[PDB]
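Enquirer: Here you go, this is data.pdb (PDB, C-alpha atoms).
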ATOM      1  CA  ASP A   1     -34.756  16.741 -16.140  1.00  0.00           C
ATOM      2  CA  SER A   2     -36.836  19.858 -16.783  1.00  0.00           C
ATOM      3  CA  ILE A   3     -36.948  22.619 -19.389  1.00  0.00           C
ATOM      4  CA  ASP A   4     -35.879  25.815 -17.641  1.00  0.00           C
ATOM      5  CA  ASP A   5     -36.290  28.165 -20.612  1.00  0.00           C
ATOM      6  CA  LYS A   6     -38.326  31.151 -19.390  1.00  0.00           C
ATOM      7  CA  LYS A   7     -40.254  31.405 -22.657  1.00  0.00           C
ATOM      8  CA  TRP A   8     -40.902  27.672 -23.012  1.00  0.00           C
ATOM      9  CA  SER A   9     -43.226  27.570 -19.994  1.00  0.00           C
ATOM     10  CA  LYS A  10     -45.921  29.727 -21.603  1.00  0.00           C
ATOM     11  CA  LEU A  11     -46.825  27.345 -24.416  1.00  0.00           C
ATOM     12  CA  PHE A  12     -45.264  24.092 -23.220  1.00  0.00           C
ATOM     13  CA  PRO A  13     -44.918  21.896 -20.108  1.00  0.00           C
ATOM     14  CA  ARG A  14     -41.551  22.092 -18.334  1.00  0.00           C
ATOM     15  CA  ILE A  15     -41.387  18.321 -17.821  1.00  0.00           C
ATOM     16  CA  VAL A  16     -42.282  15.829 -20.556  1.00  0.00           C
ATOM     17  CA  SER A  17     -41.109  12.500 -19.109  1.00  0.00           C
ATOM     18  CA  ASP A  18     -44.342  11.228 -17.514  1.00  0.00           C
ATOM     19  CA  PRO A  19     -47.120   9.959 -19.867  1.00  0.00           C
ATOM     20  CA  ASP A  20     -49.739  12.638 -19.091  1.00  0.00           C
ATOM     21  CA  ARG A  21     -47.339  15.513 -19.778  1.00  0.00           C
ATOM     22  CA  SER A  22     -45.656  13.612 -22.612  1.00  0.00           C
ATOM     23  CA  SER A  23     -49.060  13.442 -24.291  1.00  0.00           C
ATOM     24  CA  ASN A  24     -50.010  17.016 -23.487  1.00  0.00           C
ATOM     25  CA  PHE A  25     -46.710  18.229 -24.927  1.00  0.00           C
ATOM     26  CA  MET A  26     -47.567  16.377 -28.122  1.00  0.00           C
ATOM     27  CA  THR A  27     -50.896  18.223 -28.171  1.00  0.00           C
ATOM     28  CA  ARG A  28     -49.130  21.577 -27.824  1.00  0.00           C
ATOM     29  CA  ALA A  29     -46.548  20.511 -30.392  1.00  0.00           C
ATOM     30  CA  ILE A  30     -49.309  19.908 -32.937  1.00  0.00           C
ATOM     31  CA  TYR A  31     -50.791  23.337 -32.163  1.00  0.00           C
ATOM     32  CA  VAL A  32     -47.534  25.257 -32.651  1.00  0.00           C
ATOM     33  CA  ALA A  33     -46.272  23.220 -35.625  1.00  0.00           C
ATOM     34  CA  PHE A  34     -49.431  23.549 -37.727  1.00  0.00           C
ATOM     35  CA  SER A  35     -49.607  27.176 -36.631  1.00  0.00           C
ATOM     36  CA  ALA A  36     -46.199  27.718 -38.211  1.00  0.00           C
ATOM     37  CA  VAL A  37     -47.314  25.881 -41.367  1.00  0.00           C
ATOM     38  CA  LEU A  38     -50.602  27.750 -41.747  1.00  0.00           C
ATOM     39  CA  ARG A  39     -48.926  31.133 -41.265  1.00  0.00           C
ATOM     40  CA  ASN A  40     -45.632  30.673 -43.126  1.00  0.00           C
ATOM     41  CA  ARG A  41     -47.339  29.082 -46.142  1.00  0.00           C
ATOM     42  CA  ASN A  42     -49.818  31.968 -46.011  1.00  0.00           C
ATOM     43  CA  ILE A  43     -52.900  29.764 -45.874  1.00  0.00           C
ATOM     44  CA  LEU A  44     -54.200  32.142 -43.216  1.00  0.00           C
ATOM     45  CA  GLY A  45     -53.426  35.826 -42.741  1.00  0.00           C
ATOM     46  CA  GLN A  46     -51.469  37.195 -39.793  1.00  0.00           C
ATOM     47  CA  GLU A  47     -54.655  38.443 -38.108  1.00  0.00           C
ATOM     48  CA  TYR A  48     -55.526  34.839 -37.234  1.00  0.00           C
ATOM     49  CA  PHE A  49     -52.308  34.519 -35.245  1.00  0.00           C
ATOM     50  CA  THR A  50     -50.702  35.651 -31.997  1.00  0.00           C
ATOM     51  CA  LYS A  51     -46.948  36.221 -31.764  1.00  0.00           C
ATOM     52  CA  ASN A  52     -45.356  33.906 -29.204  1.00  0.00           C
ATOM     53  CA  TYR A  53     -42.032  32.694 -27.866  1.00  0.00           C
ATOM     54  CA  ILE A  54     -41.156  29.036 -28.174  1.00  0.00           C
ATOM     55  CA  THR A  55     -37.834  29.764 -26.486  1.00  0.00           C
ATOM     56  CA  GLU A  56     -35.618  32.707 -25.569  1.00  0.00           C
ATOM     57  CA  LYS A  57     -34.050  32.447 -29.030  1.00  0.00           C
ATOM     58  CA  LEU A  58     -37.048  31.595 -31.221  1.00  0.00           C
ATOM     59  CA  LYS A  59     -40.377  33.311 -31.861  1.00  0.00           C
ATOM     60  CA  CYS A  60     -43.340  31.827 -33.710  1.00  0.00           C
ATOM     61  CA  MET A  61     -46.860  32.840 -34.690  1.00  0.00           C
ATOM     62  CA  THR A  62     -49.558  30.614 -33.206  1.00  0.00           C
ATOM     63  CA  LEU A  63     -53.293  30.277 -33.871  1.00  0.00           C
ATOM     64  CA  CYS A  64     -55.174  33.020 -32.037  1.00  0.00           C
ATOM     65  CA  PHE A  65     -57.532  31.834 -29.314  1.00  0.00           C
ATOM     66  CA  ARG A  66     -59.312  35.204 -29.387  1.00  0.00           C
ATOM     67  CA  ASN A  67     -60.429  34.909 -33.010  1.00  0.00           C
ATOM     68  CA  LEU A  68     -63.417  32.685 -33.855  1.00  0.00           C
ATOM     69  CA  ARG A  69     -62.082  31.161 -37.078  1.00  0.00           C
ATOM     70  CA  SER A  70     -58.611  30.479 -35.690  1.00  0.00           C
ATOM     71  CA  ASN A  71     -59.970  29.234 -32.362  1.00  0.00           C
ATOM     72  CA  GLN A  72     -62.029  26.618 -34.197  1.00  0.00           C
ATOM     73  CA  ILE A  73     -58.932  25.213 -35.901  1.00  0.00           C
ATOM     74  CA  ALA A  74     -56.924  25.230 -32.666  1.00  0.00           C
ATOM     75  CA  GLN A  75     -59.724  23.414 -30.817  1.00  0.00           C
ATOM     76  CA  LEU A  76     -59.928  20.834 -33.583  1.00  0.00           C
ATOM     77  CA  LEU A  77     -56.169  20.291 -33.415  1.00  0.00           C
ATOM     78  CA  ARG A  78     -56.402  20.027 -29.628  1.00  0.00           C
ATOM     79  CA  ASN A  79     -59.082  17.345 -29.904  1.00  0.00           C
ATOM     80  CA  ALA A  80     -56.637  15.373 -32.046  1.00  0.00           C
ATOM     81  CA  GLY A  81     -53.895  15.857 -29.460  1.00  0.00           C
ATOM     82  CA  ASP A  82     -56.027  14.451 -26.651  1.00  0.00           C
ATOM     83  CA  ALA A  83     -56.184  11.213 -28.651  1.00  0.00           C
ATOM     84  CA  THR A  84     -52.459  10.692 -27.960  1.00  0.00           C
ATOM     85  CA  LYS A  85     -53.225   9.997 -24.295  1.00  0.00           C
ATOM     86  CA  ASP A  86     -54.694   6.551 -24.957  1.00  0.00           C
ATOM     87  CA  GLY A  87     -52.723   6.121 -28.174  1.00  0.00           C
ATOM     88  CA  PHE A  88     -55.620   6.325 -30.623  1.00  0.00           C
ATOM     89  CA  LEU A  89     -54.060   8.768 -33.106  1.00  0.00           C
ATOM     90  CA  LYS A  90     -51.901   7.357 -35.894  1.00  0.00           C
ATOM     91  CA  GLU A  91     -51.623  10.476 -38.038  1.00  0.00           C
ATOM     92  CA  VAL A  92     -52.927  14.037 -38.245  1.00  0.00           C
ATOM     93  CA  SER A  93     -52.304  16.041 -41.412  1.00  0.00           C
ATOM     94  CA  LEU A  94     -53.160  19.268 -43.219  1.00  0.00           C
ATOM     95  CA  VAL A  95     -54.259  18.297 -46.724  1.00  0.00           C
ATOM     96  CA  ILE A  96     -54.219  20.752 -49.636  1.00  0.00           C
ATOM     97  CA  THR A  97     -56.064  19.908 -52.862  1.00  0.00           C
ATOM     98  CA  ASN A  98     -57.147  21.628 -56.077  1.00  0.00           C
ATOM     99  CA  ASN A  99     -60.781  20.995 -55.225  1.00  0.00           C
ATOM    100  CA  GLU A 100     -62.695  20.313 -52.028  1.00  0.00           C
ATOM    101  CA  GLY A 101     -63.083  16.614 -51.325  1.00  0.00           C
ATOM    102  CA  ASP A 102     -60.355  15.437 -53.702  1.00  0.00           C
ATOM    103  CA  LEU A 103     -58.645  12.186 -52.704  1.00  0.00           C
ATOM    104  CA  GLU A 104     -55.294  13.160 -54.201  1.00  0.00           C
ATOM    105  CA  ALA A 105     -53.395  15.992 -52.543  1.00  0.00           C
ATOM    106  CA  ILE A 106     -51.269  18.768 -54.026  1.00  0.00           C
ATOM    107  CA  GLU A 107     -49.464  19.245 -50.737  1.00  0.00           C
ATOM    108  CA  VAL A 108     -49.455  17.584 -47.306  1.00  0.00           C
ATOM    109  CA  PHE A 109     -47.991  18.457 -43.911  1.00  0.00           C
ATOM    110  CA  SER A 110     -48.121  15.210 -41.961  1.00  0.00           C
ATOM    111  CA  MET A 111     -47.448  14.310 -38.345  1.00  0.00           C
ATOM    112  CA  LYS A 112     -47.342  10.570 -37.629  1.00  0.00           C
ATOM    113  CA  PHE A 113     -47.290   9.034 -34.162  1.00  0.00           C
ATOM    114  CA  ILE A 114     -45.994   5.959 -32.359  1.00  0.00           C
ATOM    115  CA  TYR A 115     -46.681   4.900 -28.777  1.00  0.00           C
ATOM    116  CA  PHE A 116     -44.740   3.261 -25.977  1.00  0.00           C
ATOM    117  CA  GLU A 117     -45.821   0.771 -23.351  1.00  0.00           C
ATOM    118  CA  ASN A 118     -45.347   1.563 -19.655  1.00  0.00           C
ATOM    119  CA  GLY A 119     -41.806   2.776 -19.000  1.00  0.00           C
ATOM    120  CA  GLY A 120     -41.507   4.591 -22.314  1.00  0.00           C
ATOM    121  CA  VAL A 121     -38.795   2.392 -23.806  1.00  0.00           C
ATOM    122  CA  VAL A 122     -40.682  -0.346 -25.690  1.00  0.00           C
ATOM    123  CA  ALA A 123     -42.530   0.766 -28.831  1.00  0.00           C
ATOM    124  CA  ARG A 124     -46.104  -0.423 -29.335  1.00  0.00           C
ATOM    125  CA  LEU A 125     -46.656  -2.200 -32.653  1.00  0.00           C
ATOM    126  CA  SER A 126     -48.293  -0.097 -35.379  1.00  0.00           C
ATOM    127  CA  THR A 127     -49.361  -1.732 -38.647  1.00  0.00           C
ATOM    128  CA  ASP A 128     -51.709  -1.487 -41.638  1.00  0.00           C
ATOM    129  CA  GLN A 129     -47.449  -4.463 -42.534  1.00  0.00           C
ATOM    130  CA  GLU A 130     -45.228  -2.277 -40.341  1.00  0.00           C
ATOM    131  CA  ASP A 131     -46.254   1.376 -40.600  1.00  0.00           C
ATOM    132  CA  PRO A 132     -43.605   3.235 -42.648  1.00  0.00           C
ATOM    133  CA  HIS A 133     -42.971   5.724 -39.822  1.00  0.00           C
ATOM    134  CA  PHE A 134     -42.610   3.095 -37.071  1.00  0.00           C
ATOM    135  CA  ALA A 135     -38.963   2.091 -37.459  1.00  0.00           C
ATOM    136  CA  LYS A 136     -37.204   5.469 -37.267  1.00  0.00           C
ATOM    137  CA  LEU A 137     -39.292   6.564 -34.283  1.00  0.00           C
ATOM    138  CA  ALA A 138     -39.052   3.221 -32.471  1.00  0.00           C
ATOM    139  CA  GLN A 139     -35.247   3.344 -32.599  1.00  0.00           C
ATOM    140  CA  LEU A 140     -35.363   6.724 -30.855  1.00  0.00           C
ATOM    141  CA  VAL A 141     -34.650   7.162 -27.150  1.00  0.00           C
ATOM    142  CA  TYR A 142     -35.920   9.943 -24.862  1.00  0.00           C
ATOM    143  CA  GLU A 143     -32.755  11.956 -24.212  1.00  0.00           C
ATOM    144  CA  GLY A 144     -34.171  14.415 -21.684  1.00  0.00           C
ATOM    145  CA  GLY A 145     -36.256  17.587 -21.754  1.00  0.00           C
ATOM    146  CA  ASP A 146     -33.812  19.947 -23.470  1.00  0.00           C
ATOM    147  CA  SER A 147     -33.480  17.586 -26.440  1.00  0.00           C
ATOM    148  CA  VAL A 148     -37.257  17.784 -26.759  1.00  0.00           C
ATOM    149  CA  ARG A 149     -37.070  21.590 -26.727  1.00  0.00           C
ATOM    150  CA  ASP A 150     -34.358  21.496 -29.393  1.00  0.00           C
ATOM    151  CA  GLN A 151     -36.505  19.091 -31.404  1.00  0.00           C
ATOM    152  CA  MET A 152     -39.397  21.550 -31.300  1.00  0.00           C
ATOM    153  CA  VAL A 153     -37.113  24.406 -32.287  1.00  0.00           C
ATOM    154  CA  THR A 154     -35.812  22.354 -35.216  1.00  0.00           C
ATOM    155  CA  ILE A 155     -39.337  21.685 -36.480  1.00  0.00           C
ATOM    156  CA  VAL A 156     -40.339  25.351 -36.320  1.00  0.00           C
ATOM    157  CA  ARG A 157     -37.191  26.561 -38.077  1.00  0.00           C
ATOM    158  CA  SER A 158     -37.648  23.814 -40.666  1.00  0.00           C
ATOM    159  CA  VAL A 159     -41.222  24.861 -41.432  1.00  0.00           C
ATOM    160  CA  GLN A 160     -39.968  28.421 -41.846  1.00  0.00           C
ATOM    161  CA  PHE A 161     -37.145  27.182 -44.082  1.00  0.00           C
ATOM    162  CA  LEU A 162     -39.372  25.081 -46.353  1.00  0.00           C
ATOM    163  CA  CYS A 163     -41.923  27.853 -46.877  1.00  0.00           C
ATOM    164  CA  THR A 164     -39.427  30.663 -47.465  1.00  0.00           C
ATOM    165  CA  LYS A 165     -36.820  28.927 -49.615  1.00  0.00           C
ATOM    166  CA  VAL A 166     -38.006  25.540 -50.916  1.00  0.00           C
ATOM    167  CA  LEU A 167     -41.769  25.474 -51.571  1.00  0.00           C
ATOM    168  CA  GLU A 168     -43.040  27.145 -54.750  1.00  0.00           C
ATOM    169  CA  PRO A 169     -46.114  29.418 -54.461  1.00  0.00           C
ATOM    170  CA  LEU A 170     -49.476  27.703 -53.990  1.00  0.00           C
ATOM    171  CA  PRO A 171     -52.074  27.853 -56.782  1.00  0.00           C
ATOM    172  CA  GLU A 172     -54.570  30.725 -56.836  1.00  0.00           C
ATOM    173  CA  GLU A 173     -57.390  28.325 -55.975  1.00  0.00           C
ATOM    174  CA  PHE A 174     -57.183  25.433 -53.512  1.00  0.00           C
ATOM    175  CA  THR A 175     -58.921  23.713 -50.598  1.00  0.00           C
ATOM    176  CA  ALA A 176     -57.250  22.874 -47.285  1.00  0.00           C
ATOM    177  CA  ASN A 177     -58.516  20.647 -44.489  1.00  0.00           C
ATOM    178  CA  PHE A 178     -57.327  18.327 -41.731  1.00  0.00           C
ATOM    179  CA  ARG A 179     -57.461  14.570 -42.238  1.00  0.00           C
ATOM    180  CA  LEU A 180     -56.523  11.922 -39.669  1.00  0.00           C
ATOM    181  CA  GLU A 181     -56.153   8.178 -39.152  1.00  0.00           C
ATOM    182  CA  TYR A 182     -56.792   6.063 -36.044  1.00  0.00           C
ATOM    183  CA  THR A 183     -54.606   3.267 -34.655  1.00  0.00           C
ATOM    184  CA  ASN A 184     -55.646  -0.395 -34.641  1.00  0.00           C
ATOM    185  CA  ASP A 185     -56.101  -0.239 -30.858  1.00  0.00           C
ATOM    186  CA  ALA A 186     -58.651   2.553 -31.237  1.00  0.00           C
ATOM    187  CA  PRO A 187     -62.190   1.331 -30.453  1.00  0.00           C
ATOM    188  CA  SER A 188     -64.839   1.675 -33.164  1.00  0.00           C
ATOM    189  CA  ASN A 189     -66.873   3.818 -30.777  1.00  0.00           C
ATOM    190  CA  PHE A 190     -64.056   6.288 -30.051  1.00  0.00           C
ATOM    191  CA  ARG A 191     -64.027   9.342 -32.283  1.00  0.00           C
ATOM    192  CA  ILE A 192     -62.091  12.586 -32.203  1.00  0.00           C
ATOM    193  CA  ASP A 193     -64.503  15.490 -31.791  1.00  0.00           C
ATOM    194  CA  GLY A 194     -64.435  17.656 -34.917  1.00  0.00           C
ATOM    195  CA  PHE A 195     -63.612  14.875 -37.367  1.00  0.00           C
ATOM    196  CA  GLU A 196     -66.305  12.959 -39.260  1.00  0.00           C
ATOM    197  CA  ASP A 197     -65.667   9.260 -39.875  1.00  0.00           C
ATOM    198  CA  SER A 198     -64.459   8.327 -43.350  1.00  0.00           C
ATOM    199  CA  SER A 199     -63.133   5.264 -45.157  1.00  0.00           C
ATOM    200  CA  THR A 200     -60.861   7.440 -47.281  1.00  0.00           C
ATOM    201  CA  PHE A 201     -57.810   9.468 -46.261  1.00  0.00           C
ATOM    202  CA  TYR A 202     -55.582  11.142 -48.817  1.00  0.00           C
ATOM    203  CA  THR A 203     -53.237  10.028 -51.591  1.00  0.00           C
ATOM    204  CA  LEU A 204     -50.152  11.502 -53.239  1.00  0.00           C
ATOM    205  CA  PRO A 205     -49.265  11.478 -56.941  1.00  0.00           C
ATOM    206  CA  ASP A 206     -46.445   9.079 -57.814  1.00  0.00           C
ATOM    207  CA  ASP A 207     -43.854  11.759 -58.585  1.00  0.00           C
ATOM    208  CA  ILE A 208     -44.379  13.392 -55.178  1.00  0.00           C
ATOM    209  CA  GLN A 209     -41.439  15.067 -53.457  1.00  0.00           C
ATOM    210  CA  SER A 210     -40.766  15.041 -49.728  1.00  0.00           C
ATOM    211  CA  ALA A 211     -38.742  16.728 -47.006  1.00  0.00           C
ATOM    212  CA  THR A 212     -38.326  15.746 -43.365  1.00  0.00           C
ATOM    213  CA  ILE A 213     -39.359  18.599 -41.087  1.00  0.00           C
ATOM    214  CA  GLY A 214     -38.344  16.987 -37.796  1.00  0.00           C
ATOM    215  CA  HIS A 215     -39.134  14.420 -35.119  1.00  0.00           C
ATOM    216  CA  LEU A 216     -40.322  14.604 -31.508  1.00  0.00           C
ATOM    217  CA  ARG A 217     -39.453  12.210 -28.679  1.00  0.00           C
ATOM    218  CA  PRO A 218     -40.821  13.053 -25.239  1.00  0.00           C
ATOM    219  CA  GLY A 219     -40.929  10.510 -22.426  1.00  0.00           C
ATOM    220  CA  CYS A 220     -43.734   8.269 -23.665  1.00  0.00           C
ATOM    221  CA  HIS A 221     -44.507   9.301 -27.242  1.00  0.00           C
ATOM    222  CA  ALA A 222     -42.836   9.758 -30.625  1.00  0.00           C
ATOM    223  CA  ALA A 223     -43.766  11.592 -33.810  1.00  0.00           C
ATOM    224  CA  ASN A 224     -42.408  12.521 -37.237  1.00  0.00           C
ATOM    225  CA  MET A 225     -43.392  15.584 -39.255  1.00  0.00           C
ATOM    226  CA  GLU A 226     -42.939  15.557 -43.022  1.00  0.00           C
ATOM    227  CA  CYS A 227     -43.775  17.751 -46.005  1.00  0.00           C
ATOM    228  CA  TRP A 228     -45.133  16.167 -49.185  1.00  0.00           C
ATOM    229  CA  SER A 229     -45.426  18.484 -52.169  1.00  0.00           C
ATOM    230  CA  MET A 230     -45.606  18.961 -55.917  1.00  0.00           C
ATOM    231  CA  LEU A 231     -44.190  22.444 -55.480  1.00  0.00           C
ATOM    232  CA  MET A 232     -40.612  21.876 -54.348  1.00  0.00           C
ATOM    233  CA  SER A 233     -37.286  23.367 -55.502  1.00  0.00           C
TER     234      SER A 233
ATOM    235  CA  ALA B   1     -58.896   1.078 -41.966  1.00  0.00           C
ATOM    236  CA  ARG B   2     -60.481   4.041 -40.188  1.00  0.00           C
ATOM    237  CA  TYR B   3     -60.113   7.751 -40.939  1.00  0.00           C
ATOM    238  CA  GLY B   4     -61.479  11.110 -39.843  1.00  0.00           C
ATOM    239  CA  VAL B   5     -62.040  14.262 -41.886  1.00  0.00           C
ATOM    240  CA  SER B   6     -62.383  17.733 -40.354  1.00  0.00           C
ATOM    241  CA  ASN B   7     -65.695  19.466 -40.986  1.00  0.00           C
ATOM    242  CA  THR B   8     -63.762  22.741 -40.905  1.00  0.00           C
ATOM    243  CA  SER B   9     -61.900  23.651 -44.100  1.00  0.00           C
ATOM    244  CA  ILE B  10     -60.090  26.589 -45.687  1.00  0.00           C
ATOM    245  CA  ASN B  11     -60.884  27.863 -49.189  1.00  0.00           C
ATOM    246  CA  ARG B  12     -58.977  30.141 -51.555  1.00  0.00           C
ATOM    247  CA  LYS B  13     -60.624  31.437 -54.734  1.00  0.00           C
TER     248      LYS B  13
END
How does the structure come out when it is put into structure tokens?

Expert:
Amino acid sequence: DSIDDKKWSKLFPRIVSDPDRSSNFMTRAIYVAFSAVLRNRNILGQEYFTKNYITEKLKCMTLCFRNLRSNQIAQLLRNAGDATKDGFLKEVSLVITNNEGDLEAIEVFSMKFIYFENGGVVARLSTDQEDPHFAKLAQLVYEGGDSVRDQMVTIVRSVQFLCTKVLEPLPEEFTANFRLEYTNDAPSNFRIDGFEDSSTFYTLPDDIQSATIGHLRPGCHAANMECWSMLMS
Amino acid sequence: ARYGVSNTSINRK
């Protein structure tokens, strides 16, 4: 049970069954997924990215560690990923609004997480009422490393698909930031470096459209990535 | 209940 793809080893762990690597994979997943979103939606120019291989069959641009502006974002995303180790991260999302600080989003790329108790088969309860993303992910079973690779490949191709064919062009002016939510288990003291505490998150207008990007199921974690937008079709 | 907002942001004008 290992991922033997020669390209996969550069960005990702070869084994994702154990909790430490399961969590670290999730961290890397977040990095590559939001990299694809930021580049393919053209929120950031190509110069902020480095061309990479996810596998032998798929290439993807990822946030450049050698550029200051892009390194900041990557670090911030990595801080969020580290929260998956103890299970303190419910959701991390890129939120696009007309104006900075707006509650209501024009477009959202959301990744939502669920956690498993020791053994990686029993889903830990996640509530506000059952979290909307809990059920689909909880039903999921870890089907080995290559399924995880294929899941990652699906998500990347999906992000490319949505941006090229489905999503209408963004407005001339907008503001984009990252907004997250903690789990219930998360201590009050614990805080993800790079994110200021807030009692507000984001909201979507009632006629919002959606599209499933893909789901991830390593050994001891689960996640679902979705696109919420006013600019579909 | 509890949320976090990135100090970093991206602006288009």

Enquirer: So which residues get picked by the PyMOL selection byres ((chain B and resi 1-12) around 7) here, written as a PyMOL selection string?

Expert: (chain A and resi 172-182+194-201) or (chain B and resi 13)

Enquirer: Can you write just those residues out, C-alpha atoms, as a PDB file, in the frame of the given file?

Expert:
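After the write, out.pdb holds the following:
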ATOM      1  CA  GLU A 172     -54.570  30.725 -56.836  1.00  0.00           C
ATOM      2  CA  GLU A 173     -57.390  28.325 -55.975  1.00  0.00           C
ATOM      3  CA  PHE A 174     -57.183  25.433 -53.512  1.00  0.00           C
ATOM      4  CA  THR A 175     -58.921  23.713 -50.598  1.00  0.00           C
ATOM      5  CA  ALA A 176     -57.250  22.874 -47.285  1.00  0.00           C
ATOM      6  CA  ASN A 177     -58.516  20.647 -44.489  1.00  0.00           C
ATOM      7  CA  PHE A 178     -57.327  18.327 -41.731  1.00  0.00           C
ATOM      8  CA  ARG A 179     -57.461  14.570 -42.238  1.00  0.00           C
ATOM      9  CA  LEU A 180     -56.523  11.922 -39.669  1.00  0.00           C
ATOM     10  CA  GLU A 181     -56.153   8.178 -39.152  1.00  0.00           C
ATOM     11  CA  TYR A 182     -56.792   6.063 -36.044  1.00  0.00           C
ATOM     12  CA  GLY A 194     -64.435  17.656 -34.917  1.00  0.00           C
ATOM     13  CA  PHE A 195     -63.612  14.875 -37.367  1.00  0.00           C
ATOM     14  CA  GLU A 196     -66.305  12.959 -39.260  1.00  0.00           C
ATOM     15  CA  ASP A 197     -65.667   9.260 -39.875  1.00  0.00           C
ATOM     16  CA  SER A 198     -64.459   8.327 -43.350  1.00  0.00           C
ATOM     17  CA  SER A 199     -63.133   5.264 -45.157  1.00  0.00           C
ATOM     18  CA  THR A 200     -60.861   7.440 -47.281  1.00  0.00           C
ATOM     19  CA  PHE A 201     -57.810   9.468 -46.261  1.00  0.00           C
TER      20      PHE A 201
ATOM     21  CA  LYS B  13     -60.624  31.437 -54.734  1.00  0.00           C
TER      22      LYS B  13
END

Enquirer: Report the residues retrieved by the PyMOL selection byres ((chain A and resi 69-76) around 10) from the displayed file, expressed as a PyMOL selection string.

Expert: (chain A and resi 28+30-32+34-35+44+47-49+62-68+77-81+177-178+192-195) or (chain B and resi 6-10)

Enquirer: Measure the distance from CA of residue 39 in chain A to CA of residue 222 in chain A in Å and round it to one decimal.

Expert: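 These atoms are spaced 24.6 Å apart.
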
Enquirer: Give me, please, the distance in Å between CA of residue 86 in chain A and CA of residue 210 in chain A, quoted to one decimal.

Expert: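 A separation of 29.7 Å between them.
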
Enquirer: In Å, with one decimal, what is the gap from CA of residue 168 in chain A to CA of residue 60 in chain A?

Expert: 21.6 Å

Enquirer: What lies within 12 Å of residue 14 in chain A using all atoms listed in the file, ignoring chain neighbours under 5 positions off, as a ChimeraX atom specification?

Expert: /A:1-9,21-22,24-25,55,144-146,148-149,218
